[PDB]
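For the numbers below, each heavy atom of this structure counts, side chains included, while hydrogens, waters and symmetry mates do not. The chains referred to below are lettered A, B, ... by the order of the sequence lines, with proteins before strands, and numbering in each begins at 1.
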2 protein chains.
Amino acid sequence: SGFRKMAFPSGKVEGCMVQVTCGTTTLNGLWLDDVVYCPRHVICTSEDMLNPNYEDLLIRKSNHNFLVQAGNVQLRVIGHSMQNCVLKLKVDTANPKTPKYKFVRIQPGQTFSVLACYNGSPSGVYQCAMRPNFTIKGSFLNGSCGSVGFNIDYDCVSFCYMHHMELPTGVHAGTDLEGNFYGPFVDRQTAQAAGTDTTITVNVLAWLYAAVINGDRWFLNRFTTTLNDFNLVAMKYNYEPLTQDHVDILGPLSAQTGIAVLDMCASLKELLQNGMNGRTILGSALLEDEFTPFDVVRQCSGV
Amino acid sequence: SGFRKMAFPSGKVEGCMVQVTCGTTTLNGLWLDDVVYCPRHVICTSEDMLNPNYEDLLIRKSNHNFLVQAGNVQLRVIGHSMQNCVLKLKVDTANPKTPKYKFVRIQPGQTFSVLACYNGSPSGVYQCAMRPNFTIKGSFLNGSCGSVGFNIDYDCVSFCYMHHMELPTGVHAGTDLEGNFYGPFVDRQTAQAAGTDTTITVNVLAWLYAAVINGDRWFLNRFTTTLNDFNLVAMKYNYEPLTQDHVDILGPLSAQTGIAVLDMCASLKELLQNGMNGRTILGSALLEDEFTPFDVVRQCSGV
Ligand SMILES: *C(=O)[C@H](C[C@@H]1CCCNC1=O)NC(=O)[C@H](CCCC)NC(=O)/C=C/c1ccccc1
Ligand SMILES: *C(=O)[C@H](C[C@@H]1CCCNC1=O)NC(=O)[C@H](CCCC)NC(=O)/C=C/c1ccccc1
């Protein structure tokens, strides 16, 4: 029993983190086979983040402008190229610790683990969700750029996020490992801000199932609801619409608890309309939306 | 910016996890140098957990009764002994991945990372606090016994917890790595239950400082309070007394924010008396007490 925000074990990713310096800027890189991946803004000076032509800065750079350090072993850069908003630095040594891996782009509402790093050295690990507005609510200080987000299945690491910047609201923006930003964000200095966010409805329902599996039952009721009348209430409270696919995805949790999805939807509607009146669910006084149905099943396996 | 429940990178500990089987019971062991540490209840049968004489079961066991598997390599047990509630299984191979390590016992109110494991294979990592009543609120299923809790400083792993059991309330109990239980709990079948818990006051104040560092300021006020009048209110709300040492420990966070500790205490008193009236702090509608002052400083380094 018990339910926690749980990250994947970070060992396989720790072995891939290196330090990348260009000019006076140091950040983190990801060392897989003979390539080091890092944010391309490492080549920017502060005189040129208003409107950097990243191409421009890059043609003016050479291999020796990039210092790559793996622990206390310098790697020699033998090639450099740009892939969207990421740099690929070819090095003369393949990483002996390279795990089986994939580069995957995730969907809003999906979760992943972040290995926060500074100067190529891991500092901590935590779980994030990709928000509907393509930001993440992380914990990132200056120097954390190039830290990565990932999931593990079996022992293949699926990398899904590389960290690039913080927005004025204190949330974070980054790319997939092909260097394509999540959301309408750019690696140049603008007044860019997060657009309007919403609550991940299917995840809230997953977490209510987690609560029932762990013996929190006070919010349950007889009532059921129609999907249509549920989505009418969800819309009013800035919740994403619930689709039939979401209902299907919640199937296994519904079977294990014996609580039909639309039965649980009636509980959520009443929580949205009444609040909790001083009670908590799984230690929370708010409805939690950063656990996917998979997260719940994986952690709550057989109670 | 940002503040998350962050665990230590788990890589150094992942390399120490093995699988231990005795009879039909399988659980996890910790492999350091040529010793494997595991809960002694691995030698119990279900016919004998009412009143096991653990000594008895152990004299009746031989080295070959213990099957130790490290990945897919069986380790040969060449000696076995009991150390309080932990078994020490001497094996014929020293773990080549043994980190620098220490066995440390922690205090109620201190935090640590848990590497949840099943069949010697790590599943996830999360942060726990030792509750004032010496339980932990973890996430543990059958088979998780022998998973360990730890902190890292520099690159020395300080192991502080080994998991043994779940209480009827769904919280968890375990030992230090010398096999001495935290709290009044025993590795035998009783109606044992967690005693009365309290809120870790110094940690709540640390987390309020975290919030201020991250731009959450709405709960602040002019008021200051005396330590005596604060502790009168804390007592009423089941909060631990705040000592002058706690005040001193909060010194650096007070300096960085420019908010005196007793100034922040006045904010906490009003939160305790009024609630938040619909607002949140660092994404929480409850006052969070599982971040130590160190946790905050380490994560909030320079904003
Ligand atoms: C990379 O290490 C660094 C991390 C940031 C910076 C400190 C705050 N938290 C983080 O994650 N990334 C940058 O410094 C980045 C480079 C921009 C590309 C030219 N810029 C930002 O993060 C912008 C912060 C900001 C916030 C509000 C208004 C303007 C700028
Ligand atoms: C070890 O792997 C296992 C883990 C437990 C069991 C399932 C629930 N969550 C856990 O962490 N530990 C045990 O099974 C343990 C062995 C007891 C020593 C003889 N016993 C318990 O955890 C007791 C659970 C319980 C709860 C309420 C009433 C009675 C028993």
Ring centres under 6.0 angstrom apart (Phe185(B), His164(B)):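 No, they do not, as the ring centres are separated by 6.0 Å or more.
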Test of ring centre spacing under 6.0 Å for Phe112(A) and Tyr161(A):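 When the ring centroids of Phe112(A) and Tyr161(A) are compared, they turn out to be within the sub-6.0 Å range.
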Top contributor to chain A interface from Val171(B), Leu115(B), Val125(B) [non-hydrogen pairs under 4.5 Å]: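 Max contact count across the listed options: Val125(B).
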Looking at chain A, which one of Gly170(B), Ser123(B), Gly215(B), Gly138(B) has the largest number of heavy-atom pairs inside 4.5 Å, strictly under?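 Result: the option with the highest number of such pairs is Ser123(B).
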Residue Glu166(B) versus chain A: region with a heavy atom under 4.5 Å: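 Side chain only.
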Between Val114(B) and chain A, which part of the residue has a heavy atom less than 4.5 Å away: side chain, backbone, both or neither?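 Neither part, no heavy atoms under 4.5 Å.
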What is the distance from atom NZ of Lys5(A) to atom CD of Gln127(B), rounded to the nearest 0.5 Å?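 It comes to 14.5 Å.
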Between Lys100(A) and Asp153(A), is there a side-chain N and carboxylate O pair less than 4.0 Å apart?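 Answer for the salt bridge query: no.
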If you tally heavy-atom pairs under 4.5 Å against chain B, which of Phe3(A), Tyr126(A), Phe8(A) wins?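 Most heavy-atom pairs within the cutoff with chain B belong to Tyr126(A).
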Find the one option among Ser1(A), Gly2(A), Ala285(A), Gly11(A) whose heavy-atom pairs under 4.5 Å with chain B are most numerous.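 Max contact count across the listed options: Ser1(A).
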How close do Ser301(B) and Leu141(A) get, counting heavy atoms only, and between which atoms?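 Closest heavy-atom pair between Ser301(B) and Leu141(A): O-CD1, 3.3 Å.
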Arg217(B) atom CZ, neighbour heavy-atom count above 12 within 6.0 Å: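 Result for CZ/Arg217(B): open.
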Can you tell me which portion of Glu14(A) sits under 4.5 Å from chain B's heavy atoms? Options are side chain, backbone, both or neither.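 Only the side chain of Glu14(A) comes within 4.5 Å of chain B.
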